[PDB]
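With PDB, C-alpha atoms inside, this is final27.pdb:
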ATOM      1  CA  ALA I   1      13.382   3.256 -15.846
ATOM      2  CA  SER I   2      15.826   2.649 -18.676
ATOM      3  CA  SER I   3      16.036  -1.066 -17.936
ATOM      4  CA  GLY I   4      13.165  -3.227 -16.681
ATOM      5  CA  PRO I   5      12.298  -3.068 -12.991
ATOM      6  CA  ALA I   6       9.452  -5.018 -11.420
ATOM      7  CA  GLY I   7       5.722  -4.586 -11.958
ATOM      8  CA  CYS I   8       3.927  -5.977  -8.962
ATOM      9  CA  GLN I   9       0.463  -4.930  -8.026
ATOM     10  CA  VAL I  10      -1.709  -4.179  -5.028
ATOM     11  CA  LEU I  11      -5.406  -4.647  -4.525
ATOM     12  CA  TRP I  12      -7.567  -2.515  -2.262
ATOM     13  CA  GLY I  13     -10.120  -3.668   0.276
ATOM     14  CA  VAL I  14     -11.864  -0.536   1.499
ATOM     15  CA  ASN I  15     -14.159  -0.584   4.508
ATOM     16  CA  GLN I  16     -15.578   2.816   5.391
ATOM     17  CA  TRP I  17     -17.589   3.121   8.600
ATOM     18  CA  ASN I  18     -19.236   6.533   9.238
ATOM     19  CA  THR I  19     -15.952   8.201   8.488
ATOM     20  CA  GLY I  20     -12.731   6.292   8.468
ATOM     21  CA  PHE I  21     -11.905   4.230   5.458
ATOM     22  CA  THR I  22      -9.918   1.269   6.393
ATOM     23  CA  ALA I  23      -7.999   0.019   3.423
ATOM     24  CA  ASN I  24      -7.137  -3.647   3.374
ATOM     25  CA  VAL I  25      -4.322  -3.875   0.898
ATOM     26  CA  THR I  26      -2.737  -7.008  -0.466
ATOM     27  CA  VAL I  27       0.566  -6.784  -2.296
ATOM     28  CA  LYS I  28       1.253  -9.116  -5.194
ATOM     29  CA  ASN I  29       4.755  -9.468  -6.559
ATOM     30  CA  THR I  30       5.278 -11.473  -9.717
ATOM     31  CA  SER I  31       8.314  -9.892 -11.324
ATOM     32  CA  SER I  32      11.056 -12.257 -10.142
ATOM     33  CA  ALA I  33      12.815 -11.686  -6.830
ATOM     34  CA  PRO I  34      12.829 -12.772  -3.167
ATOM     35  CA  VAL I  35      10.802  -9.988  -1.585
ATOM     36  CA  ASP I  36      12.086  -9.837   1.990
ATOM     37  CA  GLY I  37      10.550  -6.507   2.917
ATOM     38  CA  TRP I  38      10.092  -3.433   0.722
ATOM     39  CA  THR I  39       9.103   0.196   0.369
ATOM     40  CA  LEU I  40       6.411   1.266  -2.118
ATOM     41  CA  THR I  41       5.174   4.752  -2.737
ATOM     42  CA  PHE I  42       2.756   7.002  -4.542
ATOM     43  CA  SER I  43       0.254   9.545  -3.324
ATOM     44  CA  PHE I  44      -3.269   9.863  -1.971
ATOM     45  CA  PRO I  45      -5.502  11.531  -4.611
ATOM     46  CA  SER I  46      -8.180  13.022  -2.388
ATOM     47  CA  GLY I  47      -7.498  13.699   1.297
ATOM     48  CA  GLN I  48      -7.073  10.175   2.629
ATOM     49  CA  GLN I  49      -5.659  11.108   6.022
ATOM     50  CA  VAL I  50      -4.244   7.777   6.939
ATOM     51  CA  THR I  51      -3.162   7.265  10.536
ATOM     52  CA  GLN I  52      -3.679   3.827  12.037
ATOM     53  CA  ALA I  53      -1.573   1.138  10.383
ATOM     54  CA  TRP I  54      -0.481  -2.440  10.838
ATOM     55  CA  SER I  55       1.881  -4.815   9.067
ATOM     56  CA  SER I  56       3.136  -1.798   7.205
ATOM     57  CA  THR I  57       5.281   1.105   8.123
ATOM     58  CA  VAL I  58       3.155   3.701   6.367
ATOM     59  CA  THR I  59       4.227   7.314   6.169
ATOM     60  CA  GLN I  60       2.220  10.154   4.656
ATOM     61  CA  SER I  61       4.495  12.880   3.349
ATOM     62  CA  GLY I  62       2.213  15.918   3.495
ATOM     63  CA  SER I  63      -0.219  14.441   0.981
ATOM     64  CA  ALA I  64       1.764  11.673  -0.626
ATOM     65  CA  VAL I  65       2.427   8.227   0.807
ATOM     66  CA  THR I  66       5.047   5.558   1.344
ATOM     67  CA  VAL I  67       5.013   2.161   3.103
ATOM     68  CA  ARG I  68       7.936   0.221   4.341
ATOM     69  CA  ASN I  69       6.536  -3.213   5.001
ATOM     70  CA  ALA I  70       8.545  -5.028   7.656
ATOM     71  CA  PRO I  71      10.748  -7.998   6.692
ATOM     72  CA  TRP I  72       8.502 -10.536   8.421
ATOM     73  CA  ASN I  73       5.220  -9.385   6.959
ATOM     74  CA  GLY I  74       7.265  -8.767   3.814
ATOM     75  CA  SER I  75       8.646 -12.270   3.278
ATOM     76  CA  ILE I  76       6.909 -13.091   0.006
ATOM     77  CA  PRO I  77       8.778 -14.857  -2.876
ATOM     78  CA  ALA I  78       8.900 -13.496  -6.452
ATOM     79  CA  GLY I  79       5.557 -15.176  -7.168
ATOM     80  CA  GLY I  80       3.630 -14.571  -3.992
ATOM     81  CA  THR I  81       1.718 -11.914  -2.058
ATOM     82  CA  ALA I  82       1.898  -9.763   1.045
ATOM     83  CA  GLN I  83      -0.659  -7.735   2.967
ATOM     84  CA  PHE I  84      -1.183  -4.737   5.201
ATOM     85  CA  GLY I  85      -3.777  -2.079   6.037
ATOM     86  CA  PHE I  86      -4.593   1.202   7.777
ATOM     87  CA  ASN I  87      -7.447   3.486   8.874
ATOM     88  CA  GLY I  88      -7.724   7.004   7.420
ATOM     89  CA  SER I  89     -10.496   9.625   7.429
ATOM     90  CA  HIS I  90     -11.993  10.483   4.024
ATOM     91  CA  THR I  91     -14.599  12.851   2.617
ATOM     92  CA  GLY I  92     -16.111  10.902  -0.288
ATOM     93  CA  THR I  93     -13.680  10.910  -3.226
ATOM     94  CA  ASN I  94     -10.869   9.045  -5.018
ATOM     95  CA  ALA I  95      -8.894   6.917  -2.553
ATOM     96  CA  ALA I  96      -6.685   4.462  -4.458
ATOM     97  CA  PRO I  97      -4.783   5.786  -7.542
ATOM     98  CA  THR I  98      -3.589   3.485 -10.374
ATOM     99  CA  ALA I  99      -0.053   2.085 -10.616
ATOM    100  CA  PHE I 100       1.902   2.930  -7.498
ATOM    101  CA  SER I 101       5.566   2.016  -7.219
ATOM    102  CA  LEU I 102       7.455  -0.500  -5.114
ATOM    103  CA  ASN I 103      10.882   0.425  -3.788
ATOM    104  CA  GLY I 104      12.283   1.358  -7.234
ATOM    105  CA  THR I 105       9.639  -0.323  -9.430
ATOM    106  CA  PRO I 106       6.078   0.380 -10.667
ATOM    107  CA  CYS I 107       3.057  -1.589  -9.407
ATOM    108  CA  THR I 108      -0.430  -1.734 -11.010
ATOM    109  CA  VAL I 109      -3.302  -1.696  -8.498
ATOM    110  CA  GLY I 110      -5.525  -4.780  -8.221
TER     111      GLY I 110
END

Can the structure in the file be given as structure tokens, please?
Amino acid sequence: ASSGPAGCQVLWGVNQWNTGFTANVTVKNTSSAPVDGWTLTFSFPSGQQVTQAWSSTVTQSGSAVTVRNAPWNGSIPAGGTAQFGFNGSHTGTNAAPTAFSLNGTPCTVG
């Protein structure tokens, strides 16, 4: 980025039962813009086979990931937060990386 995009962040709220880690994520934008829906992306380190999702149009590309959070559940102002989650099967390893990237901007986990 040869300019100065955003730099939001997202926290993780894992909840693994037997096998199926349900990640309760909460987006946090603070850069400076009316977030009326968005599309972040990064990749699952281990084999987080995500499948069930809500309040987020998740999409696993082979092994990577992307989430297009709807406009309604994505109506958070520059200094606000959003939230979504899903249920994926794990194996006991790294689940959430570090700084993912909103639709065109980085985002440090929380």

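Each of I:3, I:19, I:66, I:9 was compared to residue 99 of chain I using all atoms listed in the file, and I:9 turns out to be the nearest.
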
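Here atom CA of residue 4 of chain I and atom CA of residue 76 of chain I stand 20.4 Å from one another.
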
- [ ] Report the residues retrieved by the PyMOL selection byres ((chain I and resi 58) around 12) from the displayed file, expressed as a ChimeraX atom specification.
- [x] /I:25,38-43,49-57,59-61,64-70,84-88

Task: Coordinates-based distance that separates atom CA of residue 89 of chain I from atom CA of residue 46 of chain I (Å, one decimal) - done: 10.6 Å

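Rounded to one decimal, atom CA of residue 82 of chain I and atom CA of residue 2 of chain I lie 27.1 Å from each other.
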
Return as JSON the centre and edge lengths, in Å with one decimal, of the box along x, y and z that encloses every atom of segment 36-54 of chain I in the file, padded by 5 Å per side.
{"center_x": 2.0, "center_y": 1.9, "center_z": 3.7, "size_x": 30.3, "size_y": 33.5, "size_z": 26.6}

Task: Counting all atoms listed in the file, the option among I:102, I:109, I:96, I:1 closest to residue 47 of chain I - done: I:96

Open item on the list: Applying 9 Å and all atoms listed in the file, which residues near residue 11 of chain I remain after dropping the ones on its own chain fewer than 5 positions away? List them as a list in words.
Closed with: residues 24, 25, 26, 27, 28, 108, 109 and 110 of chain I

N, CA, C and O atoms are what I want for segment 19-34 of chain I; can you complete it accordingly and write them as a compact mmCIF listing (two decimals), in the frame of the given file?
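That gives us part-v1.txt:
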# COMPACT_ATOMS: atom_id res chain seq x y z
N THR I 19 -17.06 7.47 9.10
CA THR I 19 -15.95 8.20 8.49
C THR I 19 -14.67 7.58 9.00
O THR I 19 -14.35 7.64 10.17
N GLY I 20 -13.99 6.96 8.12
CA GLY I 20 -12.73 6.29 8.47
C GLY I 20 -12.62 5.09 7.57
O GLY I 20 -13.08 3.98 7.91
N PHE I 21 -12.06 5.32 6.41
CA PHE I 21 -11.90 4.23 5.46
C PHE I 21 -10.72 3.40 5.78
O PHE I 21 -9.59 3.87 5.80
N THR I 22 -10.99 2.18 6.07
CA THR I 22 -9.92 1.27 6.39
C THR I 22 -9.59 0.50 5.14
O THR I 22 -10.40 -0.25 4.62
N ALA I 23 -8.41 0.72 4.65
CA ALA I 23 -8.00 0.02 3.42
C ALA I 23 -7.24 -1.26 3.69
O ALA I 23 -6.20 -1.26 4.33
N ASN I 24 -7.79 -2.34 3.19
CA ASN I 24 -7.14 -3.65 3.37
C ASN I 24 -6.39 -3.94 2.10
O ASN I 24 -6.96 -4.43 1.13
N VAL I 25 -5.14 -3.63 2.10
CA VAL I 25 -4.32 -3.88 0.90
C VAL I 25 -3.64 -5.23 0.89
O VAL I 25 -3.34 -5.79 1.92
N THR I 26 -3.40 -5.70 -0.30
CA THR I 26 -2.74 -7.01 -0.47
C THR I 26 -1.73 -6.92 -1.60
O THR I 26 -2.10 -6.87 -2.76
N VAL I 27 -0.48 -6.88 -1.25
CA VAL I 27 0.57 -6.78 -2.30
C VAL I 27 0.71 -8.07 -3.08
O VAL I 27 0.48 -9.15 -2.57
N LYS I 28 1.08 -7.93 -4.32
CA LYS I 28 1.25 -9.12 -5.19
C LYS I 28 2.46 -8.94 -6.09
O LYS I 28 2.41 -8.22 -7.07
N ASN I 29 3.53 -9.58 -5.74
CA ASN I 29 4.76 -9.47 -6.56
C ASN I 29 4.82 -10.65 -7.51
O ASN I 29 4.54 -11.77 -7.11
N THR I 30 5.18 -10.38 -8.73
CA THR I 30 5.28 -11.47 -9.72
C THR I 30 6.47 -11.27 -10.63
O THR I 30 6.77 -12.10 -11.47
N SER I 31 7.14 -10.16 -10.47
CA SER I 31 8.31 -9.89 -11.32
C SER I 31 9.27 -11.07 -11.29
O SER I 31 9.26 -11.90 -12.18
N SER I 32 10.08 -11.13 -10.26
CA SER I 32 11.06 -12.26 -10.14
C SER I 32 12.15 -11.94 -9.12
O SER I 32 13.27 -11.65 -9.48
N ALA I 33 11.80 -11.98 -7.86
CA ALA I 33 12.82 -11.69 -6.83
C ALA I 33 12.29 -12.04 -5.42
O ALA I 33 11.10 -12.00 -5.17
N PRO I 34 13.21 -12.42 -4.53
CA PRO I 34 12.83 -12.77 -3.17
C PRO I 34 12.46 -11.50 -2.40
O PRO I 34 13.33 -10.81 -1.91
